[PDB]
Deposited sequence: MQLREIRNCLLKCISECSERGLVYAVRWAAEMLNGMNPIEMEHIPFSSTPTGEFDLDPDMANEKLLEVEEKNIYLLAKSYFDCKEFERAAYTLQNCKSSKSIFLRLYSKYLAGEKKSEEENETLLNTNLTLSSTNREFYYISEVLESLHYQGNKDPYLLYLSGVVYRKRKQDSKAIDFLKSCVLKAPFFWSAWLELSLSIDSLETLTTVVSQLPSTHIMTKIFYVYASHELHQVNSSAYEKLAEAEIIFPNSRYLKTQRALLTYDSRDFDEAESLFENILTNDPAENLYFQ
């Protein structure tokens, strides 16, 4: 066998196993790949860190969050840094069930000061500030995240949870591209989550259904807005499920 053939076979294993949920085979292959003799700023850094990132993500997928974080201790790409902090955050929360929280906040603030604008890090800064009850800051980070990654649902959801009134909701929406379908979807979600649904929400929802006529998510939104106007029954689901928290 050629070295490059072995590498390629391990890499194809990783892909086929991760697609099928076989996280232990992925972890083993990633360990072996990393054990071989070694063979714009961000993209280069991601290529350089690719093997070590694969190993850290395999641990993360086995729920080894401490080990994933430690694996990434030397890495510098924004992708690596995100997984490292998100690992630390989940490992701190596993153990709560958060000693790591202040640490994560400081790393994120240094990153901001340095001028990092990676949308996944901006999302974690958002989550951190919301949890510190710093809502104005949370909103400003999450808006910056969804401007860059408008199809990233979890940022829009955290944005909605950072917003405490329809007035604040209309202020934020006034700063987002009003034509963009995700802005429309967010508006519907956040109006319902605030329980302040007017006519515009129904209009926006009808627009989103033209593009996604059979979405389980939008069907739920429609059922919720229908209850708002006042087999499965949406009222008998856990509301955490209907709100997409679970």
Not represented among the modelled residues are deposited positions 40-60, 119-134, 268-275
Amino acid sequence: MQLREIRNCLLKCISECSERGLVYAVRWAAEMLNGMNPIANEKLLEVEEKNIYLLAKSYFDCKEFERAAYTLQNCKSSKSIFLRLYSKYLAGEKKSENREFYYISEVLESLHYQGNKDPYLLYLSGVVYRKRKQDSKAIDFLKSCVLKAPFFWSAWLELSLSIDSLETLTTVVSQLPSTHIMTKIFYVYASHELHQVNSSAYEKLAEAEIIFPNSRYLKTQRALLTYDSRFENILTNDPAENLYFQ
From here on, numbers count along this sequence of modelled residues.
Of 70-78 and 152-160, the stretch with the higher mean C-alpha B-factor in the deposited entry is 70-78
Do the C-alpha atoms of 98-106 or of 119-127 have the higher average B factor in the entry? 98-106
When the CA B-factors of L45, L218, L54, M182 are compared as recorded in the entry, which is the largest? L45
Residue set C145, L166, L85, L111, per-entry CA B-factor max assigned to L166
Once the chain's modelled residues are ordered by C-alpha B factor and cut into thirds, is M1 in the lowest, middle or highest one? highest
Of the three thirds of Cα B-factor ranks in this chain, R27 occupies the lowest
Based on the entry's values, in what third of the chain does the Cα temperature factor of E49 lie: lowest, middle or highest? highest
Looking at the entry's B-factor column for C-alpha atoms only, identify whether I39 ranks in the lowest, middle or highest third of its chain. highest
Within this chain, which third does the Cα B-factor at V188 fall in: lowest, middle or highest? lowest
